[PDB]
Amino acid sequence: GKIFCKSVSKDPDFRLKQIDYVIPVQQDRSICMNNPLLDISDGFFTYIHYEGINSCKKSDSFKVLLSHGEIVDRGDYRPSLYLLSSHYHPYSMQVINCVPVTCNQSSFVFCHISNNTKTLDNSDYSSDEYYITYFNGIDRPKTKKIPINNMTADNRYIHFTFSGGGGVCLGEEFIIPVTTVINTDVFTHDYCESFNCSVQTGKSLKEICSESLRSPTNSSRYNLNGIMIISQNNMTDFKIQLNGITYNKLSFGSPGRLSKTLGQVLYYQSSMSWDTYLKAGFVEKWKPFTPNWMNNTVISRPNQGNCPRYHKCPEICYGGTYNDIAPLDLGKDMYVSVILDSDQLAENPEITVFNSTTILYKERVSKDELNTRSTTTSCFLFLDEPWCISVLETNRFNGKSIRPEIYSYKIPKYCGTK
Amino acid sequence: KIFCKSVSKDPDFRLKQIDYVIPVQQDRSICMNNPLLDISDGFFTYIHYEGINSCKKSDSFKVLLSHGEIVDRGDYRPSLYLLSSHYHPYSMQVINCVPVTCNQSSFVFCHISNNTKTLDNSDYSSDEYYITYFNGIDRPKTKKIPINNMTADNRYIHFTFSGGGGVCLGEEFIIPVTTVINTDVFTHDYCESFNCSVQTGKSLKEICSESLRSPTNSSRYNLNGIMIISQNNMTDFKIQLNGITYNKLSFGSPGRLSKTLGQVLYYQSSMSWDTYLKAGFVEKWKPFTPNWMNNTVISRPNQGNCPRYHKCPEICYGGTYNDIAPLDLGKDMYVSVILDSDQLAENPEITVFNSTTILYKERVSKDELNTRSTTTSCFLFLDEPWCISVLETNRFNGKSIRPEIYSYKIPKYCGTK
Amino acid sequence: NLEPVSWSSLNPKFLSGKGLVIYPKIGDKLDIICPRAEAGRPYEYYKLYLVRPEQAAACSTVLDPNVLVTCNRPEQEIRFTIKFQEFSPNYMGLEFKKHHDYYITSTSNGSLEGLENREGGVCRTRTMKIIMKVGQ
Ligand SMILES: *[C@@H]1O[C@H](CO)[C@@H](O[C@@H]2O[C@H](CO)[C@@H](O[C@@H]3O[C@H](CO)[C@@H](O)[C@H](O)[C@@H]3O)[C@H](O)[C@H]2NC(C)=O)[C@H](O)[C@H]1NC(C)=O
Ligand SMILES: *[C@@H]1O[C@H](CO)[C@@H](O[C@@H]2O[C@H](CO)[C@@H](O[C@@H]3O[C@H](CO)[C@@H](O)[C@H](O)[C@@H]3O)[C@H](O)[C@H]2NC(C)=O)[C@H](O)[C@H]1NC(C)=O
Ligand SMILES: *[C@@H]1O[C@H](CO)[C@@H](O[C@@H]2O[C@H](CO)[C@@H](O)[C@H](O)[C@H]2NC(C)=O)[C@H](O)[C@H]1NC(C)=O
Ligand SMILES: *[C@@H]1O[C@H](CO)[C@@H](O[C@@H]2O[C@H](CO)[C@@H](O)[C@H](O)[C@H]2NC(C)=O)[C@H](O)[C@H]1NC(C)=O
Ligand SMILES: *[C@@H]1O[C@H](CO)[C@@H](O)[C@H](O)[C@H]1NC(C)=O
Ligand SMILES: *[C@@H]1O[C@H](CO)[C@@H](O)[C@H](O)[C@H]1NC(C)=O
Ligand SMILES: *[C@@H]1O[C@H](CO)[C@@H](O)[C@H](O)[C@H]1NC(C)=O
Ligand SMILES: *[C@@H]1O[C@H](CO)[C@@H](O)[C@H](O)[C@H]1NC(C)=O
Ligand SMILES: *[C@@H]1O[C@H](CO)[C@@H](O)[C@H](O)[C@H]1NC(C)=O
Ligand SMILES: *[C@@H]1O[C@H](CO)[C@@H](O)[C@H](O)[C@H]1NC(C)=O
């Protein structure tokens, strides 16, 4: 049950093991496999990553891999990823973003397809297309176009993309994290405006906070996080709804995540603006999409520029890294996450089990310096014990091909064992 | 318009074999089989299958796709320049492929299935169909065909791209296809009109209805046709599947569409009772109506109850694929590498012929040579008509079997040796 | 590690015509310190853009160039660490790779009035451009 280390300690034994047989190995050294995504649910997972030529940008990719698989016991006393099906996205050369959801022991991929890589800066969603690609271990993949024409929205959104590290299945409804674009300032910022930081001499805090939500490449557009709820009758009569995130503690649009864990629904939002601390919380209401935001004072992320690690004050900033979290104990408010132990550079990944107020324990992945652009983590019960699987967007071989890495580890049964 | 157009002996085709295009496998167990070649606008697309200790089409672990160019080497003859060579990403599941060279690039239309007998017990919704396309510089890319948005003129239950080549017309691709349907929706005035001995078992109407059945599924019928694929620069595909005319129906078989001499030529291999050349230029596209020739001299060998030159309707299956290529539209002249044997697949001969008479011919090899099918494409080179043919040869005994490419010229003058 | 580059009009490493050229190898660190409050109180405010060679010659930036780092605070020693790895925590990826060129400039007027002036500025007046040809 809930018998594991719940105290501050050193030298944890995560029994860390790398998994190499899941992610394919590309023969071309010039191809960069980037932006991995992984979502685990009910013993099955969905893995996604992008392949590009001499460039690791997501939409700048000629192939997008979609893998479905299962968690299997090999008598090893630890979970193994068993790859069942592997297909390439039929519209890979036009993929702007994708989000994985493992529903009913099957894989579902929600992607945004466009002819224009800059569609989010100069276009609208009527000019683009959105698809659901779904398959499992036996059935051939089928791709259905999402009828955004028949979509209902809670605000005057002009654009949107599925952006995040994973989604959620609730009954007949899919709930996918999404980033929307709107061209008017309809927002309030009590949280940002309440900070007592030095006021920069050009503008005031209300202006600073309004403008910090703007797109950095279209001074006229604003990026707001939200969710998309898609209900349907066995791929029939789609009903699509687009709801924005709560205006309490707004942060610039960024890839998020929804996860089914411990009887709860956990929302995560990558911190790509001035508030560099963990934005995460369990879902209270669905309209408006209100996650109960944490007061985490120990988990941050690196970034260059005016908002490095542990930066708090409001400032017109853009940049950051995606680092999923996974809850371990609801009563003790414990979570685990692979974060980057650096102030400005994206390197030195560390498995970190933490409080909202204190870091409980941590361990470096590699003894040598390791480049890591993003991490995702999912935890689950296996043989009545808590195990976790993380995917790291690594670049250990600089100059050669890039390929993410998968690690499996266990929450320590006892504290301080080495 | 200046070449031999009369009956003559001892023609000088200036025949030369090409060996550097098709790879040579070091492994003796590999069968290189079912070659396909399509030439268009000075570029070609070659395809063949590789299997282990078996030369069967779906029994193949590798499928080679080659793109190339016709180049003058100062040799006073065309040379094949191999540009790109790739293996199909789904080779172990390929049931059939058809090549099309469009806009100086290669396009391969393939049918992929888990079941090598999918045509006997499955349907096309259970399978997948792809277009693999590439040229000399770009990496090959494979796109899935959206058969969900396809419109058909009849209740077809299955289909495979089957043939030696397709055709590019503007923005539309026209690929030969063989369809499967489980109800007899056909008429047979042509077969029923034959004045042959009545078989003691069945009547001529039954003989002709049943001869269209699959020989491995008494409940299914195989009907030839075409597939028209229009698109907006690989976007918003519009796919249409039209069947061949019911005039002079013959059992489903690999065909061909070729752009030659300002016309579009359709060929159908004779795998049923009508053992003579099935070919003709396309009049209408819906229904797919080729103006069938009345050829009395070109046939093909086969074992069993329908050998070479058999005419009478009979429930027969078997035959060889032998492309033709037109040389002169006004003189109704054609060239083809046919098999000079009554029942065995051997002794290939380059044959220039009329619809009613054989003009001249030449054996490819002095020794006996095994050849299961031939394909031929002709084109203008240096203001002269030249042709290139590919034969799935077995020159060594058994072992490493590999096709061969030959280039030859239509004789400028008659009877020169 | 490399010698950090203080970004101020009072730095000699900015050659009057060639800017400041650096030949860093992969895996090198490089700080870009924007200056503290100088002794003589000459408040220095800039806004740095990651740019392309053509518009680095023309010294103009459109909306697409991303504000790499801005020298907002005069008192706080604002800085900018760079490791020439491929993956970077910046918006728009910014892959470094090897044997490429990477140009960093500012189009701003010396003070905060022209902080977001993108037309001309220091790129041509003082030629304070950092050019990094990795490799060689
Ligand atoms: C997780 O967060 C909670 C707060 O939400 C932390 O609460 C309390 O922290 C103190 C200081 O570490 C713990 O120890 C104290 O030690 C002295 C030693 O004599 C003792 O007299 C105090 O009464 C207290 O026990 C305290 O145990 C802990 N609260 C509870 C209920 O145990 C907590 O420390 C954070 N997690 C960890 C692992 O520290
Ligand atoms: C920055 O983002 C805004 C928000 O979308 C962009 O606004 C839109 O910009 C387009 C052209 O850039 C405007 O043009 C419109 O085109 C149609 C088609 O001819 C015409 O019917 C309209 O009357 C108008 O001319 C459009 O009005 C404008 N606003 C909206 C709501 O669409 C802006 O273009 C972006 N700027 C950059 C530099 O990316
Ligand atoms: C020969 O073809 C017929 C016609 O399709 C096959 O009969 C069908 O088989 C499928 C799959 O077993 C069933 O779902 C259909 O209900 C059958 N009837 C029809 C009208 O389609 C028959 O199975 C084939 N013979 C084989 C496979 O040996
Ligand atoms: C740098 O650019 C700023 C741009 O605002 C200049 O400030 C303006 O200068 C013009 C002169 O052309 C004045 O008419 C304006 O009143 C000034 N302010 C504004 C808000 O436009 C500044 O003079 C330039 N030079 C410096 C700062 O040395
Ligand atoms: C789409 O919208 C129309 C009107 O807004 C509504 O009647 C219909 O139920 C919706 N759904 C579908 C599938 O048409
Ligand atoms: C997934 O399972 C739930 C079980 O309650 C069901 O309601 C839902 O329709 C399923 N999703 C499908 C069939 O797409
Ligand atoms: C900022 O304001 C909050 C609420 O008014 C207050 O609790 C906090 O102490 C203030 N910060 C400082 C540094 O005083
Ligand atoms: C938010 O977090 C800070 C961190 O210590 C804490 O002091 C504060 O009380 C928290 N707010 C609430 C409402 O608990
Ligand atoms: C070709 O056929 C026509 C009639 O179909 C015949 O008159 C002509 O002689 C034939 N060609 C030759 C070379 O005999
Ligand atoms: C090929 O050439 C034809 C010429 O009519 C043109 O219409 C078509 O767009 C070209 N491209 C493709 C992909 O067919």
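All chain C residue numbers match Swiss-Prot; in order, they span 31-166.
Determination method: X-ray crystallography, 4.1 Å.
Every residue, even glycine, has its Cβ placed from backbone N, Cα and C.
Matching Swiss-Prot disulfide entries to the candidates C:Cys101, C:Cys153 identifies the partner of C:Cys64 as C:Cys101. DSSP assigns C:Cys101 (disulfide bond) to coil, not to a helix or a strand.
Closest to C:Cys101 (disulfide bond) by Cα-Cα distance, out of the recorded positions C:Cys89, C:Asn139, C:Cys153, is C:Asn139. With a cut-off of 8 Å between CB atoms and residues at least 6 apart in sequence, the same chain places C:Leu145, C:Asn147, C:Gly151, C:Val152 near C:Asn139 (N-linked glycosylation site), listed in sequence order. Neighbour list (C:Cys64 (disulfide bond), Cβ cut-off 8 Å, at least 6 residues apart, same chain): C:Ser36, C:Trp37, C:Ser38, C:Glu74, C:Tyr76, C:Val99, C:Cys101, C:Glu107, C:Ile108, C:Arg109, C:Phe110. For ligand 4, the recorded positions lying close by, meaning a CB under 6 A from one of its atoms, are C:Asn139; the full candidate list was C:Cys64, C:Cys89, C:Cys101, C:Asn139, C:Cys153. Just so you know, of the disulfide-bonded residues C:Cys89, C:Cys101, C:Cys153, the Cβ with the fewest other Cβ atoms around it within 10 Å is the one at C:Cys89.
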